[PDB]
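Here is the structure we will look at.
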Amino acid sequence: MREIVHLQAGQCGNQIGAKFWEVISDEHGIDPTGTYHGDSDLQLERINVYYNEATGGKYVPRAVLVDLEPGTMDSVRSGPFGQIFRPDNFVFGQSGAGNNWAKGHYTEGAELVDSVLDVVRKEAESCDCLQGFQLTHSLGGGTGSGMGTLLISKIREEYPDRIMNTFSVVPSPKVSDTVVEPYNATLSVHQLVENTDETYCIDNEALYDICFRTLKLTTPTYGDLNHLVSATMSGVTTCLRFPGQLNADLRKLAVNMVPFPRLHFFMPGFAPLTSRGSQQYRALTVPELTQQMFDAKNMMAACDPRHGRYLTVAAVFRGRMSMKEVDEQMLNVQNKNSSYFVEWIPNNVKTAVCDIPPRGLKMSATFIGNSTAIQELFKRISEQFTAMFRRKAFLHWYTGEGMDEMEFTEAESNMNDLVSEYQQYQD
Amino acid sequence: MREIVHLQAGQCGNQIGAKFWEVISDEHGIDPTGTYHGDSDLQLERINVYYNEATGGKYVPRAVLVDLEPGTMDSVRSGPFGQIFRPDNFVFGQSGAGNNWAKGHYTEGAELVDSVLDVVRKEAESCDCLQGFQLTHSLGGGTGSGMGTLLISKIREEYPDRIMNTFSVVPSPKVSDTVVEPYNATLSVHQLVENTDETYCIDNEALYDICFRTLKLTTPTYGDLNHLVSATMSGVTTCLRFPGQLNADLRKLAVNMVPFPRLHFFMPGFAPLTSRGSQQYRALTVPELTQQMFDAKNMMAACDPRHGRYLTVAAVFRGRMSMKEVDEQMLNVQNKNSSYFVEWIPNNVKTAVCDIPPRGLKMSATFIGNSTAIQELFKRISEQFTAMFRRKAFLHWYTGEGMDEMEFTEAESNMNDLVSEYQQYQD
Amino acid sequence: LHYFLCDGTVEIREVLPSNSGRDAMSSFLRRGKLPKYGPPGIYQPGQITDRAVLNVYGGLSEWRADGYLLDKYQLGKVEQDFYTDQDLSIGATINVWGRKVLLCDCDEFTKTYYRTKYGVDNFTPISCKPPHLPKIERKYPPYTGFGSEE
Amino acid sequence: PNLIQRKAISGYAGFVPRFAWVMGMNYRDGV
Amino acid sequence: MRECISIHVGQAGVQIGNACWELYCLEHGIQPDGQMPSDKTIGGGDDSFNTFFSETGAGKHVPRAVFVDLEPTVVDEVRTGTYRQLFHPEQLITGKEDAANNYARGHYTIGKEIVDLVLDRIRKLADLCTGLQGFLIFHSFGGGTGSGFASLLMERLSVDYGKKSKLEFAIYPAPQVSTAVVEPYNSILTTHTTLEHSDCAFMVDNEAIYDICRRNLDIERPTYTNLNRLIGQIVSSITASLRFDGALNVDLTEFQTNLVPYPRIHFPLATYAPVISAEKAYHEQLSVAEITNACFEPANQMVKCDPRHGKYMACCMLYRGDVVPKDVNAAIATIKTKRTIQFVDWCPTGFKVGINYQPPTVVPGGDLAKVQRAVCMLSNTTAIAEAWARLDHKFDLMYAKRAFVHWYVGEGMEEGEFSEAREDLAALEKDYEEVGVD
Ligand SMILES: Nc1nc2c(ncn2[C@@H]2O[C@H](COP(=O)(O)OP(=O)(O)OP(=O)(O)O)[C@@H](O)[C@H]2O)c(=O)[nH]1
Ligand SMILES: Nc1nc2c(ncn2[C@@H]2O[C@H](COP(=O)(O)OP(=O)(O)OP(=O)(O)O)[C@@H](O)[C@H]2O)c(=O)[nH]1
Ligand SMILES: Nc1nc2c(ncn2[C@@H]2O[C@H](COP(=O)(O)OP(=O)(O)OP(=O)(O)O)[C@@H](O)[C@H]2O)c(=O)[nH]1
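Residue numbers (UniProt numbering), protein chains in the order written: chain A, 1 to 427; chain B, 1 to 427; chain C, 251 to 400; chain D, 210 to 240; chain E, 1 to 438.
Listed below in structure tokens is the structure:
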């Protein structure tokens with residue numbers, strides 16, 4: 001049977017797996033101790049897509065955690081579910097990254113790739129047959145970009161036949177906090193576009209806007225935002241676990257999703273975002289869902305695809321729905337914006353229906369999109385790269401590491417090619 | 001009936017045995033006083049193979065304890081089980097060793113060999129029909145190698161038809177403490193290769209690593225370190241004492257292990273080694289046993305056979321198993337690393353399954369290995385022996401005792417003979 | 251345990267000794283709050299807050315971080331009782347996120363603290379470590395006295 | 210006394226009386 | 001079994017011994033009267049004392065030693081001390097006349113009529129003992145009576161007994177300090193005589209012992225009591241293996257068989273790492289690493305020698321206290337990786353480790369620290385030849401102008417023996433670079 005091994009990298013990958021995993025454990029009803037509390041047979045039939053078995057009714061997660069700063073792990077370990085996490089799974093380092101990509105890609109990665117490869121192959125042999133792997137990290141996160149680029153490059157040759165699912169958060173457009181972050185991102189995306197097959201794109205001001213727009217609660221914790229995106233990651237994975245006539249395999253989703261190889265960067269979409277009075281002011285109907293589904297405000301990925309057009313779109317519906325409402329909703333929306341799609345391909349909606357609602361809500365959904373709205377993202381970073389490479393600011397470090405400006409030349413040359421690549425197909 | 005009488009030699013074997021017999025005592029359930037508490041019939045059945053009954057429900061261990069220093073022998077008699085050891089079997093000397101090989105081989109041995117031969121033949125007549133003997137000692141041990149080389153020679157002619165099981169520990173490669181130990185080891189091995197049939201090779205450095213790897217308790221005791229190794233030969237002896245569909249005789253085993261006469265050096269291998277929380281974090285399954293069972297980190301004897309190749313391999317399995325999982329595991333490992341074995345012999349695996357698990361754990365196994373990894377050991381001593389012989393350092397003692405360099409000539413020349421022979425067979 | 255009177259929160263650490271066969275991490279718990287019972291059903295985060303704003307007039311333009319028009323009724327408050335200072339006495343039952351635990355000793359100030367709080371005074375230590383058994387003694391072989399008795 | 214006069218912080222560069230007469234011991238005891 | 005006999009020549013070597021039985025009686029709890037409390041340790045004399053004392057049926061712990069001196073003043077004074085009832089009267093072999101700092105006078109004029117009596121002492125101690133591993137000799141090179149008198153007795157005990165060990169402990173002559181100008185005279189007379197008979201001669205120098213006092217012990221005005229206490233601790237550490245046990249137990253026979261490379265040279269160096277004050281131990285911590293760094297620090301040896309001017313041959317360390325081999329073998333491994341450390345390529349391994357569980361004890365009225373982990377570091381190196389190099393250029397000057405010869409030639413000596421020592425010495429240096437040259 002086909003299972004999945006998870007990778008959490010970077011200190012946001014450390015953020016995310018914690019919230020991502022507890023939602024899953026809470027979803028299936030396992031206590032923090034590990035003694036599963038049997039209530040649903042359907043969650044009792046597909047735990048081995050993600051979890052292996054331990055003695056005493058314990059479900060061992062098949063995730064490998066890697067970082068450098070122990071206090072992150074100590075917080076991660078001392079959390080609600082660190083006991084369900086393995087000290088076996090805790091691989092780390094003796095140095096501080098300095099949040100330097102070159103360090104994490106050449107210097108400390110050199111002596112840590114051996115450990116993680118042994119850990120993953122031990123875990124790979126622990127399980128039978130894989131769909132693939134997913135990685136939670138950041139493209140602008142220096143440790144996450146450091147190991148991830150190495151790891152995704154490594155996992156390719158041993159297993160070039162599986163899913164290289166990637167989950168990276170796009171840094172803040174207005175202020176990157178880290179000033180060398182644009183340098184870090186440009187380096188990674190060069191290898192990322194080459195090594196990956198699928199990419200998740202996430203931004204926090206969109207989440208911050210969502211926090212303002214519908215959450216309406218002024219001050220959340222970053223974990224609350226982590227819950228929002230973990231729900232997105234849950235929904236896309238609920239497809240594989242749950243029964244109901246919907247085609248779940250990521251390949252099944254991917255081959256319907258990507259017409260040309262260079263398309264890996266895709267944007268999410270989620271299901272009812274509800275404010276304080278509107279939980280009991282809402283008549284949860286597929287129309288008002290579908291209305292809220294295709295809301296540019298309900299978007300959370302990067303920025304409005306209003307600027308561009310829609311290449312491929314795929315939505316999965318979770319709950320007690322039927323084939324007809326989803327069908328007419330497309331028949332509605334398709335006529336609503338017929339021109340906003342590309343004349344290249346018609347009938348670009350990819351629909352799957354999960355009959356198993358989440359715990360606490362009946363009619364939910366998820367959306368994954370590939371529209372012509374990524375240009376400004378790497379166009380934004382293009383001016384940043386050109387300006388700081390114009391006078392090579394903050395460059396003396398990477399030269400001391402052993403890097404050179406030539407690497408930057410092909411890196412931007414590739415990205416500029418992706419600019420035309422995206423521009424030419426739509427425009 | 002077919003039985004075994006043990007020999008406790010050298011001051012290390014003094015710790016080796018002390019832990020070794022109490023491991024025998026508690027597994028069978030006898031109190032320290034010696035009054036067995038009847039709990040298991042099978043251990044009650046197969047206790048005669050090593051013990052004799054005296055009056056009052058007391059099993060006398062059938063061994064001989066030999067030393068020169070009273071105090072170490074004082075420590076063990078004052079030990080928790082010194083009462084179960086015989087003042088009759090306590091033989092010793094009035095002299096100090098000087099940690100000198102020659103003194104215990106020609107000077108001190110001469111007046112002690114007579115008495116120890118009397119005691120063992122008294123013990124030999126006490127029993128009916130022995131399979132053979134086993135000896136705990138060290139090759140680099142000052143008096144143990146001194147006494148061992150003499151006794152192994154003498155036991156050859158009296159009973160040339162039995163099992164001359166030998167158990168010796170290899171000193172630490174980084175430091176031998178004793179600096180004339182290379183002389184002591186080289187002197188011993190010259191006669192060891194001549195007389196022995198089976199030899200176990202043990203090194204504390206890898207054992208020191210094991211504490212850092214799975215014991216994870218920072219500061220152990222050498223008795224706990226004995227507790228580690230005491231499990232090893234106990235496992236191979238469980239096959240003899242325990243029932244179940246597996247062949248027990250070492251002759252059944254040794255002929256399966258020894259293709260050519262000069263093969264006496266064999267390495268141990270143990271099964272699940274568990275750490276802080278992995279007891280309740282481990283799902284005990286034959287596959288996960290097997291992988292850890294074949295781990296270079298699980299190797300404890302000398303060094304990594306990664307540098308060399310595998311001549312003969314044998315793992316005995318203790319617990320509630322079946323013939324099919326061990327069969328597929330052998331098929332699995334056969335396909336995994338087929339080139340790493342020698343094309344000389346295919347299907348070089350020998351397996352036995354003991355249906356009687358240990359006391360406390362269910363799934364367990366023990367491994368004996370004869371791989372091509374011993375080369376590095378005796379090249380190390382090769383330059384060690386030559387350099388100190390290149391200017392005959394520390395030699396005036398042995399000339400004073402009556403030893404001459406001509407003895408050293410053939411000892412290394414035969415050692416050089418074993419170098420090529422192990423090399424030639426594999427390379 | 252470490253209950254904090256400034257935030258009404260608790261913390262848990264471990265006293266594992268040498269050769270314990272356990273990690274060096276001390277704080278087995280966060281410094282947060284302990285729900286009165288086992289794992290609470292996750293209340294669909296997205297409404298797990300305290301205050302209730304009604305409408306935002308901010309998105310109209312950009313002056314501040316938008317306008318916060320509050321409410322007056324504060325509905326949707328879901329009940330989450332927490333382990334407060336009330337249930338503190340030597341000998342009790344507590345479920346710590348799934349840990350059915352007991353209570354047997356207090357440090358130094360709780361004595362003074364508890365007398366002040368309501369009125370309580372009877373504070374006695376309770377053994378939580380396992381009881382110990384001795385090593386009995388030794389006897390000696392029967393003697394026929396063939397010679398001097400000693 | 211102040212903080213500690215019984216023993217005064219060895220390496221105590223400032224002088225003390227009784228630098229002569231009864232000597233032949235450690236720092237603290239003589240002080 | 002496991003016992004030896006201890007010998008003390010010259011009033012220099014007697015106060016240094018007095019402390020050690022004062023010390024040795026402390027860890028054993030020996031009351032000054034001569035008996036234990038109502039607690040039962042007396043018997044046929046077989047307990048912790050059976051290696052050190054002779055607590056026979058009389059119940060009085062009798063030290064297994066003979067003090068030999070030529071001037072009654074000091075030996076009478078200790079005979080009026082506190083433990084005088086313990087000591088055997090005529091084991092305290094006294095004399096009425098001195099050796100006048102003369103090597104030969106104590107070796108010829110008076111030693112003949114006194115050796116017979118002490119020969120009677122040793123045999124009557126030889127018969128009672130059983131294991132008799134060897135002897136413990138405290139003496140001195142610049143000895144007015146220690147030098148000459150020990151030389152003859154060592155010759156006599158060598159010829160009748162050549163199968164057991166002889167441990168020689170002496171204060172080495174101060175390199176730049178000389179309380180007597182005839183000290184080089186008798187000193188080389190000892191060395192050339194002892195080169196072919198002595199088994200293991202270990203040395204120490206008082207100046208560096210004092211240097212330690214005000215460096216880390218912080219004592220600018222110590223006394224003999226503390227120096228005697230320090231060396232008494234040193235011999236206590238080496239004898240701790242005899243009393244207690246450990247992870248491994250080592251004997252002096254191992255020490256001899258594993259330290260000396262070749263005949264003649266048998267002169268290593270001793271060092272004790274945790275030499276610190278009480279308050280320093282109070283607010284700090286001790287572990288194997290720093291003390292291993294401490295014992296190998298060039299300013300901590302009691303001999304004015306720089307190892308970087310020599311090369312290392314042997315190292316014997318006696319870890320006494322609570323310790324595990326893990327950090328020990330790791331720490332010494334780092335020591336092997338060190339580049340400044342200069343062993344000869346002849347020895348890939350040179351480390352003789354002794355583990356003892358018993359924590360070293362403080363002494364009442366003492367100045368040491370509260371030690372849990374301790375080591376005596378026994379090492380031999382090639383940086384030692386400068387000491388005899390200092391001696392010869394010192395000696396060759398006075399010999400050419402033959403000062404004080406009338407004193408020795410007056411009492412019956414001649415020059416040929418003085419002639420022997422110089423090439424006997426010159427043999428000693430030339431060997432040292434020959435073994436020094438790889
Ligand atoms: N844990 C945590 N991470 C955050 C938070 N907000 C943003 N992040 C981001 O998560 C990113 C990725 O984490 P890592 O890949 O582990 O970062 P790194 O390589 O260790 O180094 P830096 O990114 O420079 O901190 C960081 O760059 C942060 O910018 C937050 O609130 N909590
Ligand atoms: N008992 C014991 N032996 C150890 C230990 N560690 C290392 N050894 C070695 O095991 C060897 C075997 O001991 P023996 O053969 O009895 O030694 P011996 O002949 O009495 O003389 P030596 O080897 O010099 O002690 C010794 O040489 C030690 O070097 C330990 O912790 N306990
Ligand atoms: N061993 C020892 N030496 C000391 C002591 N105090 C000072 N010394 C030094 O040791 C030397 C003593 O040697 P000698 O004077 O020849 O002693 P002796 O041969 O027994 O005969 P005397 O000259 O009468 O003392 C002196 O030169 C001092 O420098 C001490 O307490 N013990």
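No residue lacks a Cβ here, since even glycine has one placed at the ideal position from N, Cα and C.
Simplified DSSP assignment, three categories, for residue i
i                : result
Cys303 (chain B) : coil
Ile110 (chain E) : coil
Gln384 (chain B) : helix
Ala365 (chain B) : strand
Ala270 (chain E) : strand
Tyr59 (chain B)  : strand
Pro287 (chain A) : helix
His227 (chain B) : helix
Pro210 (chain D) : coil
Beta-bridge pairing of residue i - partner residues as DSSP gives them
i                : result
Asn356 (chain E) : E:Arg320
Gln8 (chain A)   : A:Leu65 and A:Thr136
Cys354 (chain A) : A:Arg318
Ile5 (chain E)   : E:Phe135
Bounding residues of the alpha helix (DSSP H) (the contiguous stretch that carries residue i)
i                     : result
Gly142 (chain B)      : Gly142 to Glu158
residue 434 (chain B) : Outside the shown range of chain B (1 to 427) lies residue 434 (chain B), about which nothing can therefore be said.
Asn228 (chain E)      : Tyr224 to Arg243
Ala389 (chain E)      : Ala385 to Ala400
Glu111 (chain B)      : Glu108 to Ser126
Residue range of the beta strand (DSSP E) that includes residue i
i                : result
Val64 (chain A)  : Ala63 to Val66
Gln131 (chain A) : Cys129 to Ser138
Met164 (chain A) : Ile163 to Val169
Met267 (chain B) : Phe265 to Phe270
Residues within the segment 66-78 of chain A neighbouring chain C, beta-carbon criterion of under 7 Å: Those would be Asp74, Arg77 and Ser78, in chain order.
Could you please tell me which residues of the segment 254-286 of chain C, in chain order, have their CB closer than 8 Å to any CB of chain A? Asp273, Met275, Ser277, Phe278, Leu279 and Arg280
Tell me which residues of the segment 78-107 of chain A have at least one Cβ-Cβ distance to chain B shorter than 9 Å, keeping chain order. Of all residues in the segment 78-107 of chain A, those with a C-beta nearer than 9 Å to a C-beta of chain B are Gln83, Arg86, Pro87 and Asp88, reading in chain order.
In the segment 210-223 of chain E, which residues sit with their C-beta less than 9 Å from some C-beta in chain D, listed in chain order? Residues of the segment 210-223 of chain E with a C-beta less than 9 Å from any C-beta of chain D: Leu217, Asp218, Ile219, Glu220, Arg221, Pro222 and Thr223, listed in chain order.
Closer than 9 Å, Cβ to Cβ, to anything on chain B: give me those residues from the segment 348-362 of chain E, in chain order. From the segment 348-362 of chain E, only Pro348, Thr349, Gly350, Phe351, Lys352 and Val353 have a Cβ closer than 9 Å to chain B.
Any 3 or more C-beta pairs closer than 8 Å across the segment 281-290 of chain E and the segment 209-223 of chain E: no
Can you list, in chain order, the residues of the segment 329-358 of chain C whose Cβ is nearer than 9 Å to any Cβ on chain A? Against chain A - using a Cβ distance shorter than 9 Å - the residues of the segment 329-358 of chain C are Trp347, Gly348 and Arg349.
When you check each C-beta in the segment 253-280 of chain E against every C-beta of chain B, which residues fall closer than 8 Å? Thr253, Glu254, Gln256, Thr257, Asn258, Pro261, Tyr262 and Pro263
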